[PDB]
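See below for the structure under consideration.
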Amino acid sequence: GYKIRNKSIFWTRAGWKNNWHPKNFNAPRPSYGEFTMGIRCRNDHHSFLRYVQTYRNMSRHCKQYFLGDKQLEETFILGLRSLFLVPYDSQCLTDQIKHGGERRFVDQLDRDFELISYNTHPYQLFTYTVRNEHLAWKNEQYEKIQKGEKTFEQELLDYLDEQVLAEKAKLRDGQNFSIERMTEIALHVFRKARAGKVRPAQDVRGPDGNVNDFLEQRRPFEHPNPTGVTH
Amino acid sequence: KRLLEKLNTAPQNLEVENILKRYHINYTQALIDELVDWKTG
Amino acid sequence: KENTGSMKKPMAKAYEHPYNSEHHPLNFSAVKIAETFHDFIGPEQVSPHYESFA
Amino acid sequence: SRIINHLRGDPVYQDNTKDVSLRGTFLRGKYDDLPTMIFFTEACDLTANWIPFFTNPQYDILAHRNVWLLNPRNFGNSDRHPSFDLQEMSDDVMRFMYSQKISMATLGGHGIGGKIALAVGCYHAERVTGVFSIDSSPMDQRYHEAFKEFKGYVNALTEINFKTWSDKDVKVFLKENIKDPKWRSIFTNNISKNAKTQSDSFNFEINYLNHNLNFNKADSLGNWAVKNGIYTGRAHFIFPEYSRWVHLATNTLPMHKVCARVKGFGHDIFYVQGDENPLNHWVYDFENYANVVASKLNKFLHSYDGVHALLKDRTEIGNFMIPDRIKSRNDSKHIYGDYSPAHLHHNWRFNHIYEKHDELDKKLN
Amino acid sequence: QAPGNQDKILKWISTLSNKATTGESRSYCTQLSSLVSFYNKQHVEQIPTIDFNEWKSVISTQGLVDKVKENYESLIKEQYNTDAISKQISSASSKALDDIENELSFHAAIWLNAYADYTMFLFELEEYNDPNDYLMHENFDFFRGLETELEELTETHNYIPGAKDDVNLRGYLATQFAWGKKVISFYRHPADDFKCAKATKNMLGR
Amino acid sequence: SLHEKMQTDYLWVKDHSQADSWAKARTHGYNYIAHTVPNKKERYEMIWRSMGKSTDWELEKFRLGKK
Amino acid sequence: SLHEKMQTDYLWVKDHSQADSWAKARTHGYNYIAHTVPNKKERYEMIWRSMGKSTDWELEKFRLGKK
Ligand SMILES: CCCCCCCCCCCCCCCCCC(=O)OC[C@H](COP(=O)([O-])OCC(O)COP(=O)([O-])OC[C@@H](COC(=O)CCCCCCCCCCCCCCCCC)OC(=O)CCCCCCCCCCCCCCCCC)OC(=O)CCCCCCCCCCCCCCCCC
Ligand SMILES: CCCCCCCCCCCCCCCCCC(=O)OC[C@H](COP(=O)([O-])OCC(O)COP(=O)([O-])OC[C@@H](COC(=O)CCCCCCCCCCCCCCCCC)OC(=O)CCCCCCCCCCCCCCCCC)OC(=O)CCCCCCCCCCCCCCCCC
Ligand SMILES: CCCCCCCCCCCCCCCCCC(=O)OC[C@H](COP(=O)([O-])OCC[N+](C)(C)C)OC(=O)CCCCCCCCCCCCCCCCC
C-alpha cells in the first residue's frame, strides 16, 4: 500500500531508532571517590524487590472485585503479565536507558497501583464493563438452553455442518477440502446473516457513493410536514 | 559465450490480397500482415 | 456423544462500579469531550440543495 | 510483419516489484525518426483490438509517432506481481523505456489504462511529453455501476477451475454470468492453453486482480489516491457524451484537480456526440466515436503534446518568449529578459544528434 | 491391485520426510520408510499350476502322487483372515500414538484460533473504510481499547505523546527536520527528575 | 437502532416542502446557475440535455409551455 | 538489477549541456503554498516528492543543508 519513503525516518542524533538514551548536552559522567566530597543522588538498588511487590499488590488488589470469577482472574493475570513484560521484550534497550530504566518502570507501575488501590484505574472499569457484557450474553444462552430452545450460535454450527456435506458430496474429482474453502463458506453465511440484522450503519458509503447517514437526504423534496402523536 | 553473445544480437502477401479482391472487401496492410503472420503461426 | 453436551450456569454479574457511568465517566479523555462537543455543535449541517446558499 | 512487431516472452512471477518487465506490441511509424507513444489498454482487454485503430490510413496516426501497445503488470504477457500501486506500475514503464532506449514518450490509455498513463506523468513528468486519456478520469470509480460489473465479473471468473471444468462448461458459465457482450468476448479471448495442452488459463492474473477489486480499498484500480499527486504536463481527455464511466456533470472536476495545465471543456476536455449505449466505452469499435478520437489525438500529437506549458501551440516555438523569474540563473552578469524555452529531441539521450549537429555548425563558421 | 495402488502412499511419506530437518527426525523417517516399503513390497512370481495327472501317469510311487495332492490341496484352502485384523487396527492402536493424537490436536486448535483471529479481523475490516471520514470518538469505538489506554495515560499524567509506545512513529515524523533531532525516551514521565549533584576538590563538581 | 429515529429527528430538521412532488415544475438548473466554476460549460450542457429529454428534443414545446 | 542498472547509467540521469544556462526553479514549493484549493493535499505530495529526489530520499541531508 504505502510505505514511508524517507530512509532517515528512524535517525536520531544518538543513533538509529534510539529511544533509550537520547543525545543531550548534559551527558552522564563518572565520579571518582578520592576527589568526591559529597553527592546528592536518588538512585538505589531497591527496584528489583519493588518490581516484585508491585506485581503482587496489583494482582491481589484487583482480585478484590472479581467476585471469585476464576476465568477472570486467569485472564487478568495474562493481561497483568503483558504490562510487566514490556521492558523484557521491547525493541528499546531498556538496559541502556539514560538514568536507569529499572527505577523508571517501577516508579511508573507504582502510579498505576495507586489508582488500583482506589479501584479507579481505567483497566479495572474496562474489565467490569467487558465482563458484564459477556455474562449477560452467556446467561441469555443458558436461559434458552434450559427451555430446550436452540441458540443462534448452534443454528449456524448446524447450518454450516450440512453445507460442508453438500460441498464434499459433490467434490469427488478432488478430495482436499482446504481450510480456505471451509472459511469462505462461513463468511458467505456471516455476511448474509449480518446484513439481515437491523444494525446501525458502520460503513461511510453504501452501494452508491452516497453516505448512509440520516443527514444524506438531498433533493428532490418529497416529505411533508411532520405529523403529531395519535390518540 | 562469445559466439552466443554474437547470436543474441512478399508472395504470401499477394495470395491473401487476391482473395480479398474476389470478395471485393476492404483490405489494409495491417490485416494482411496479421493473416500472413497467422499462416506462419 | 457430542449431541449430549450440556451447559453450566455462569455467574450472574460482575462488579458494578458505583461511581462510573456512561454520561458521567469517572476517568478523563478527549473522547468524551469530543462526544459532548459534537452534541453541542450538532450534526453536520448538510445542505440538500443544488446550489450553495450564498 | 514489419509495421506490427510484438516482442514475445513468458510471464514471470516476481517477488520484488522492481524486477518487473512489461511486454507488448510495437507499431513502427511511416517515417524514420518519430517520437514514441505508449498506450495502455483497458484492464483485462486485448492490445490487438487497438491495432486497427492505430493502423488505419484514414487516421494516419503512425505518421506522427511510433506506438507501443503495452500491457501493465499482471495483464497479458507482462510479468506478474500482486501489487497494483500506480507508483510501482509507473516505475515499470520507466525501466521499459530504459531497456528500449526511450528518453521520453507520449502516454495514452483507455479507461483504467488512462489512469495508469496519467499516473506515470504524475510520478515521472520530466520524461513524459503528454497524456491522452480516453473515457477515463483521475477519480475514485469504485462505486460507479460500470466498475461494479467489471468488479463482479472478475469475481465470477474465480469460480471456474480449468483442470476439472470442460470447454463447454466454461462457455455456458460466461454467457449466464456475463451479460455484457464485449466483456464476455474480451474474457474468452484472454483464455489461453499453455504448451503441451497442460491446462487452459487466463492471460491476466485472475487471483491478484480479484483481490485488488474485491478488497475495494485505496490500492484498488477503481480508486485514485491523493498520493498520486498532480500532473504538470499536457493532458487531453476525450470521453463519450453518455458514458457510464465518466459523467459530464461532475466527473470533469477531477481533471482540473489533478492536472495543473488543463484549461477546461472545449480546449483540453471534449465529449463525443453519441447515444446512450453501454458499449460506447469501446470507441474503437464504432467508426463515429473513433473518427473523433483520432482527429483529437492527431491534433494533440501534432500541436499540443510536448509543448511548453506557457506556449499555446507548437506554432509558438521560436516566436513566443516566456518571462523569466529574477535570480533564476547562475550567471551573475546576466541581463534578465524573456526567452523561448528549450524543446529537446525526443531521444536525445540515447543518440548523438546534438554532438553531430554541433560539428556541422562549426563547418558553417 | 499391483499398479497405481502405492502412488498416494509415496506422496505422504515424501512430505513427512521433507518436513524433517534435524538428523534425529530424518533417522525416524528412514525407519518409517523401510516399514512401508517392507509392507508394500509386491510379490509376483507366476505361481505355477500343478498337474498331478501328468506326474501320476509318467511315473510316481503308488499312493504318493495322490497323498501329496490331497495334503497339498488341504493347505491351499487355508487363507488369511483379513476381517479380524481390519477391525483391531481401526478400533484402537498404539496408546503411545494417542500422545501425539492429542498433542497435534491441541497444537492445531492453537493455530486455528489464530487463523480465526486474522480471519474475523479481515471480516470486520470490511465495514471500516476511510478513517479520515469518521469522527474522532467513532474511530475509537471501532478500535475499542484505545480510549481505555488513553485514560491511563491521562490519569497517570503521562501526557508526553508517545512515551509508552515502543516505536513512536508519530514522533519520528514530526522530528524529520527538527533541530537536535530526538524522540522522547521510553516510559519517560513528565515529573521524574534523576538529576544528581556532587562536590569535588575542584569547583563546579569537576 | 431502537432510539435512532426518535433521536435523529430530535437533533436536526427535515425539509417539509414538497416542491419536487410536482413534476413539470421541477427545475432543470437554469434558475440558480454557477457562473465561475471550471466545469461551467459542462453544467450548461446538462441543463440543455434535461430540457431536450423533456421535449424529445423538440424545444418548441418548451417555448410554448410554462416556465 | 535493471532498476539499479539504469540509476547508475550516466545517460539516463544526465543534465543537457545547456541545463546550467537555463532558468532553474530554486524551490520545492514550500515557500508559497496554496492553502484553500481542493487539490491542496495533492500539492504537498509533489513538494515532498521533489524534496526526496534531491536527497535520494535521505532527508537528513535536507535537515543538515541550508534552506
Ligand atoms: C433591524 C433589522 C436588523 C436585523 C435584520 C435581520 C436579518 C439580518 C441578517 C441575518 C442574516 C442571517 C442569514 C445569513 C447568515 C449567513 C450569511 C452568509 O453569508 O453565510 C453563508 C456562509 C456559507 O454559506 P454557503 O453558501 O452555504 O457555503 C457553505 C460553505 O461551507 C462555506 O464555506 P466555503 O469555503 O466552502 O465557501 C465560501 C464561503 C466563504 O465564507 C467563509 O468561508 C468564511 C466567511 C468569513 C466569516 C466571518 C469571519 C469573521 C471573523 C469574526 C469577526 C466578526 C465576528 C462578528 C461579531 C464581531 C463583533 C460585532 O462562503 C461563501 O460561499 C461566501 C461567503 C459569503 C460572505 C461570508 C462573510 C459574511 C459575514 C460573516 C461575518 C459577519 C460578521 C462581521 C461583519 C461586520 C460586523 C458589523 O457561511 C458563513 O459565512 C459563516 C460565517 C458566519 C455567518 C453568520 C454570521 C452572522 C450573520 C452574518 C450576516 C451577513 C451579512 C452582514 C455582515 C456582512 C458585512 C460585510
Ligand atoms: C402579450 C403581452 C402582455 C404583456 C402584459 C403587460 C406586462 C405584463 C403584465 C402581467 C405581469 C406578468 C408578466 C408575465 C409575462 C412575463 C413577460 C416578460 O417579462 O418577458 C419575458 C420574455 C422572455 O423571458 P421568458 O422567461 O422567456 O418569458 C417567460 C416567462 O418568464 C415565464 O414563462 P411562462 O410560459 O411560464 O409564462 C407565460 C407568460 C404568458 O403571458 C401571456 O401570455 C400574457 C397574457 C396576456 C396579457 C395578460 C396581462 C395583460 C395586462 C394588461 C392589463 C394591465 C392592467 C394594468 C393597469 C391598466 C393598464 C392599461 O406569463 C403568464 O403565463 C401570465 C400568467 C399569469 C398567472 C396569474 C396567476 C395568478 C397570480 C395572482 C397574483 C398575481 C400577482 C402578480 C404580481 C404583480 C405582477 C408584476 O421577454 C420577451 O418576451 C421579450 C419580448 C417582449 C414581449 C412583449 C411584451 C410583454 C411584456 C414583457 C415586458 C417587456 C419589456 C420590454 C423591454 C425588455 C428589457 C429592455
Ligand atoms: C507558540 C505559543 C507557545 C510557545 C511556547 C514555547 C514553545 C517553544 C517550542 C520548543 C522550543 C524548544 C527549543 C529547544 C532548542 C534545542 C535545540 C537543540 O537540541 O540543540 C541542538 C544543536 C544543533 O544540533 P541539531 O542536530 O539538533 O540541529 C542542527 C541545526 N543545523 C541544521 C542548523 C545544523 O546542538 C546542540 O546540542 C546545542 C544545544 C544548545 C541548547 C541551547 C538552547 C537551550 C534552551 C532550552 C532551555 C529552556 C528551558 C526553559 C525553562 C523555563 C522554565 C521557567
Side-chain angles (χ1 to χ4, degrees), chain A residues 6 8-19 21-29 98 211 215-219, chain C residues 40-54, chain D residues 250 253 256-257, chain E residues 133 159-162 170-185 188 190-193 195, chain F residues 12-13 15 19 22-40 43-44 47-48 50-52 54-55 58-67, chain G residues 28 30 34-41 51 54-55 58-67:
Chain A
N6 183 8
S8 297
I9 188 67
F10 291 135
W11 170 256
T12 65
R13 293 208 298 160
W16 287 101
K17 214 167 187 177
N18 186 328
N19 60 326
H21 200 339
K23 183 181 179 59
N24 68 294
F25 192 64
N26 192 345
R29 59 169 184 268
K98 274 186 155 180
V211 179
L215 301 167
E216 190 63 16
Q217 243 302 355
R218 317 299 181 81
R219 280 222 217 180
Chain C
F40 161 53
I41 60 172
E44 186 180 0
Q45 302 201 352
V46 176
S47 176
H49 292 88
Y50 300 139
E51 54 281 315
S52 39
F53 170 61
Chain D
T250 69
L253 292 163
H256 299 263
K257 176 175 161 65
Chain E
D133 304 357
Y159 55 77
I160 293 171
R170 171 61 141 65
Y172 291 96
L173 294 157
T175 59
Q176 285 184 98
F177 312 106
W179 287 14
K181 189 176 184 184
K182 61 184 174 294
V183 286
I184 198 74
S185 54
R188 178 62 177 269
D192 66 70
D193 196 336
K195 272 291 185 64
Chain F
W12 194 233
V13 182
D15 186 304
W22 195 6
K24 69 185 70 163
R26 284 167 177 269
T27 188
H28 297 288
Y30 49 49
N31 296 115
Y32 299 92
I33 295 161
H35 296 277
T36 70
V37 296
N39 57 328
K40 172 187 194 172
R43 313 250 306 176
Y44 275 98
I47 301 170
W48 197 243
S50 182
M51 296 160 68
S54 305
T55 64
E58 291 182 2
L59 282 295
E60 180 62 12
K61 296 173 184 167
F62 180 92
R63 188 184 76 88
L64 305 176
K66 299 184 189 65
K67 298 85 172 179
Chain G
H28 305 290
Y30 49 58
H35 300 277
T36 339
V37 291
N39 52 9
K40 173 199 190 175
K41 299 173 182 62
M51 297 160 62
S54 300
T55 65
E58 293 184 358
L59 280 297
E60 187 64 12
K61 304 175 183 175
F62 182 86
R63 187 184 81 84
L64 299 175
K66 291 289 181 180
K67 295 83 176 176

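Just follow the structure's listing: the first ligand is 1, and inside any ligand the first atom is 1. First the proteins, then the strands, lettered A, B, ... as listed; each starts at 1. In what follows, every heavy atom counts, from backbone to side chain, and hydrogens, waters and symmetry copies are set aside.
- In this structure, atom 32 (C) of ligand 3 has protein heavy atoms in its sub-4.0 angstrom surroundings.
- Within the 4.0 angstrom cut-off, atom 34 (P) of ligand 2 has one or more protein heavy-atom neighbours.
- Nearest protein heavy-atom contact of atom 36 (O) of ligand 2 is F:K67 N, 2.5 Å.
- Two residues are said to be in side-chain contact when any heavy atoms from C-beta on lie closer than 4.5 Å; E:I184 and A:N19 fail this criterion.
- Side-chain atoms of A:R13 never come within 3.5 Å of backbone atoms of A:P22 as a donor-acceptor pair (strictly under, hydrogens ignored).
- Scanning the protein heavy atoms around atom 34 (C) of ligand 3, the nearest turns out to be G:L64 O, 4.7 Å.
- Shortest contact from atom 17 (C) of ligand 3 to any protein heavy atom: E:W179 O, 4.0 Å.
- Environment of NZ in F:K67: crowded, with over 12 heavy atoms of neighbouring residues, nucleotides or ligands closer than 6.0 Å.
- Not one N or O on the side chain of F:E58 forms a donor-acceptor pair closer than 3.5 Å with the backbone of F:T55.
- In summary, the aromatic rings of E:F177 and G:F62 are positioned with their centroids under 6.0 Å apart.
- Annotation: F:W22, atom CH2; neighbour count of heavy atoms from other residues, nucleotides and ligands within 6.0 Å does not exceed 12.
- Closest of all the heavy-atom pairs between G:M51 and G:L59 is O-CD1, 3.9 Å.
- When all heavy atoms are compared, the tightest approach of A:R218 to C:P48 is CA-CB, 3.7 Å.
- The distance from ligand 3 to the heavy atoms of E:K181 drops below 4.0 Å at these ligand atoms: 27 (O).
- When the options C:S47, G:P38, C:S52 are ranked by their closest heavy atom to atom 28 (O) of ligand 1, first place goes to C:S52.
- When hydrogens are left out, the protein atom nearest atom 26 (O) of ligand 1 is C:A54 N, 2.7 Å; that is the closest non-hydrogen contact.
- Within the 4.0 Å cut-off (strictly below), a protein heavy atom is located near atom 63 (O) of ligand 1.
- Shortest contact from atom 24 (O) of ligand 3 to any protein heavy atom: A:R13 NH1, 3.6 Å.
- Heavy atoms only, all atoms of each residue included: F:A34 and F:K40 are closest at O-CG, 4.1 Å.
- Taking atom 14 (C) of ligand 1 as the reference point, the nearest protein heavy-atom neighbour is C:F53 CE2, 3.9 Å.
- Put simply, atom 19 (O) of ligand 2 has no protein non-hydrogen atoms near it, under 4.0 Å away.
- An N or O contact shorter than 3.5 Å links G:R63 to ligand 3 by distance.
- For atom 21 (C) of ligand 3, the nearest protein heavy atom lies closer than 4.0 Å.
- Across all non-hydrogen atoms, the minimal contact from F:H28 to F:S54 is CE1-OG, 3.1 Å.
- Of all the listed residues (A:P22, E:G180, E:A178), E:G180 holds the heavy atom that lies closest to atom 23 (C) of ligand 3.
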